Amino acid sequence: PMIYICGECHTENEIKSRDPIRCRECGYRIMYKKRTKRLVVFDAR
Amino acid sequence: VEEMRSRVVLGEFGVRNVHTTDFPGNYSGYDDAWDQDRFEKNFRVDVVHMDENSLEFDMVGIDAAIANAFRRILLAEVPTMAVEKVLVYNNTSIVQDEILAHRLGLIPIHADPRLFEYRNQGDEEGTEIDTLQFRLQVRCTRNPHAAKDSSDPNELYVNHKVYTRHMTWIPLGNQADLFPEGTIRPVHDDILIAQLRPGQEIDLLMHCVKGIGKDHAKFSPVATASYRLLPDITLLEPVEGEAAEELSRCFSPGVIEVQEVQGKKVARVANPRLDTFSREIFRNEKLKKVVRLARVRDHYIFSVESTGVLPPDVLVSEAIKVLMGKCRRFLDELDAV
Amino acid sequence: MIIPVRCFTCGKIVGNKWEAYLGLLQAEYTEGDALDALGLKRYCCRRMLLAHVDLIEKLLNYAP
Amino acid sequence: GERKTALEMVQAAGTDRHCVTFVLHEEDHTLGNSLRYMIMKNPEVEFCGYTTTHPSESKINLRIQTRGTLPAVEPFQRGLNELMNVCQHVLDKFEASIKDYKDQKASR
Ligand SMILES: [Zn+2]
Ligand SMILES: [Zn+2]
């Protein structure tokens, strides 16, 4: 369930191995990975 | 053959001297061996104001070294509680993660630091004894009940602006007892933490530890705690006849009160304390010879303004006690030999 | 970008006077009267609001 | 108690008890300057001076050179006591004044 948001459509595309990297509902060629809930620790200094 | 025992005289091109002549051997007879009773007799504390978050006591009759010790204790050695670690589960905001952690560290918490203790080195976990945990979890959604409008609060708004109200205390241990429901909270409920747009979410856990304003400013409990020596203004000559008003304008306005003793107008020094040193008489060229303005020797004026963690009087008390604790620590380490 | 939480030189907390400042300026008050009505006495705090440029409102306008 | 967050004493050339340099760790100009002011009031000390060794470090050096008799460790241990007495008196006086002002203001 690796999601990628389109560049201007903003549709969640899930891509894999061996498949092209175009976007559904459009045809753009740039897609940003999505932020999942993972724990990271930062210091307030 | 003329002694001036109490004032720090001053002109324009520089101040005259940096001494106070109240130490051992500093005079033929006016020698000192630290008479404790003379101190306890000549010392007096007077408070000009005490709103909440303000104090303006006087502290008459103490040296500059002790006053400066008190001032430096309030700024950098009285302990406070503040966010040290931030665990970020998700953060789809425009504000970065490190910048969010920074902004969260500088938010003042209302926990009193005297009921807590310092986390031992490498105590990452923490316990009811040394830590407080708070949670901010907010998501922005469009409101379904909105017309074609553009005010950001009316539409595009369930949580457009994340405030300190959104932060919720997670009682860590038995701290729910000991601390009643409203006692442990951020001091201000309106501090803007971030801004969100529909679909954006913040979710994090903040850990607050104890510390002094010396190793980081976030832990400092006062806006400012400075002091100023009491000004002294003396009219060497009776100013009158429309020069009294020019005199009254060369000073902070309350200092020279122009009375009307006769048909003519006399200027009198009503309240020397209001004076800000602006030395604007020294530009007058005819009245720089009439007024002498200096400072009272050991008469201070303090002003402590807390952020909201503790009241100012409690802050001053804990500062004096921190100085006493330094002295006692070194006394007892000396007695260890 | 967003209002600093505490004034840099002093530490006084000014992060809660942004919306109040904006509201007193919409009511017709000068920046001087407005900064006075908020409790910002010393000019180190007054510069913290007087010269703030809210660029979080221009970044919060490009797509999600 | 603490072997080095506190005192390290260096007796001078010839280990002159009348000339000692105390190293006080975790201290800045606050205690240094107040304690030097309190030790200067003793007529039995001929030279008292403190100094910070380096900004990066957190420690001060006091130098007490007393007169012929006393070992220069009594002037230090007496300046400490007088400073703590002054702090206790200031605390008492300040709390009494705050209480009096609170009453005067709550009555009226
Ligand atoms: Zn698309
Ligand atoms: Zn300020």
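At a glance:
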quantity: Along each principal axis, Cα extent of segment B:221-330, largest first, Å; calculated: 63, 29, 25
quantity: The protein assembly as shown - convex hull of alpha carbons, volume per residue in Å³; calculated: 266 Å³
quantity: Nearest-0.05 FRET efficiency for residue B:16 and residue C:62, computed from C-beta distance (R0 60 Å); calculated: 0.40
quantity: Shielding score for B:156-164, defined as the mean number of other chain Cβ atoms within 10 Å; calculated: 1
quantity: Amide N proximity, segment B:22-61 versus residue D:96 label position 7 Å along Cα-to-Cβ, cut-off under 20 Å; calculated: B:35-49, B:56-61
quantity: Computed over segment B:1-64: relative contact order in percent, which uses C-alpha pairs under 8 Å that are six or more apart; calculated: 17 percent
quantity: Coarse-grained scattering of segment D:40-79 at q = 0.14, 0.28 Å⁻¹, given as base-10 log I(q)/I(0) from a Debye sum over alpha-carbon atoms; calculated: -0.35, -0.90
quantity: Distance-filtered residues of segment B:182-213 - backbone nitrogen under 13 Å, label point 7 angstrom along residue B:137 Cα→Cβ; calculated: B:202-206
quantity: Extension gain, residue B:285 back to residue B:36 (0.36 nm per residue minus Cα-Cα distance, nm); calculated: 85.0 nm
quantity: Pairwise centroid distance, computed over Cα atoms, of segment C:5-64 with segment B:136-181, Å; calculated: 22 Å
quantity: Space enclosed by the convex hull of the alpha-carbon atoms of chain B, per residue, Å³; calculated: 261 Å³
quantity: Inter-chain shielding of B:85-92 (mean C-beta neighbours from other protein chains, 10 Å cut-off); calculated: 5
quantity: Where labels lie 7 Å past Cα in the beta-carbon direction, separation of residue D:88 and residue C:25 in nm; calculated: 5.6 nm
quantity: Global geometry of segment D:1-67, whether rounded, prolate or oblate, following the gyration tensor of its Cα atoms and the 1.5 cut on a/c; calculated: oblate
quantity: Magnitude of the charge dipole, the protein assembly as shown, Cβ model with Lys/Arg +1 and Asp/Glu -1, debye to 20; calculated: 1460 debye
quantity: Over segment B:44-153, relative contact order from alpha-carbon pairs under 8 Å, at least 6 apart, %; calculated: 15 percent
quantity: Virtual spin-label span in nm between residue B:154 and residue A:41, 7 Å along Cα→Cβ; calculated: 4.8 nm
quantity: q = 0.12, 0.14, 0.23, 0.25 Å⁻¹, segment D:12-108: log10 I(q)/I(0) [Debye, one scatterer per Cα]; calculated: -0.50, -0.61, -1.12, -1.23
quantity: 5 angstrom amide H check on residue B:194, placed H, neighbours 5+ away; calculated: B:162
quantity: Relative contact order computed over chain B (Cα-Cα under 8 Å; 6+ residues apart), in percent; calculated: 26 percent
quantity: Two-site FRET efficiency, residue B:237 against residue C:47, from Cβ-Cβ distance with R₀ of 45 Å, rounded to 0.05; calculated: 0.60
quantity: Packing-based order for B:6-16, B:317-327, A:29-39, using average beta carbon neighbours within 10 Å, highest first; calculated: B:317-327, B:6-16, A:29-39
quantity: Calculated Rg and Dmax of segment B:1-75 using C-alpha coordinates, Å; calculated: 15.8, 49
quantity: Gained length - residue B:181 relative to residue B:51, 0.36 nm times residue gap less alpha-carbon distance; calculated: 44.2 nm
quantity: Around residue D:37: net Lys/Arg minus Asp/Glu count, Cβ-Cβ under 13 Å; calculated: -3
quantity: HN-Hα J in Hz across segment B:252-265 - Karplus 6.51, -1.76, 1.60, θ = phi - 60°, x for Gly and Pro; calculated: 4, x, x, 4, 9, 9, 7, 7, 10, 4, 10, x, 6, 9
quantity: Derived scalar couplings ³J(HN,Hα) [segment B:25-32; Karplus, 6.51 cos²θ - 1.76 cosθ + 1.60; whole Hz; x for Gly, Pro]; calculated: x, 7, 5, 7, x, 7, 9, 10
quantity: Principal axis box of segment A:2-45, alpha-carbon based, largest edge first, Å; calculated: 44, 23, 13
quantity: For chain C, the fraction of alpha-carbon pairs in successive 5 Å shells from zero, as %; calculated: 4, 17, 28, 22, 15, 8, 4, 2, 0
quantity: Peptide-level mean, for C:8-16, of C-beta atoms on other protein chains within 10 Å; calculated: 6
quantity: Nearest-0.05 FRET efficiency for residue C:1 and residue B:277, computed from C-beta distance (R0 41 Å); calculated: 0.60
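Each reported figure results from applying straightforward, stated rules to the coordinates on display, with no laboratory input. Here Cβ is always computed from backbone atoms with ideal geometry, including for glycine, and neighbour counts include all displayed protein chains.
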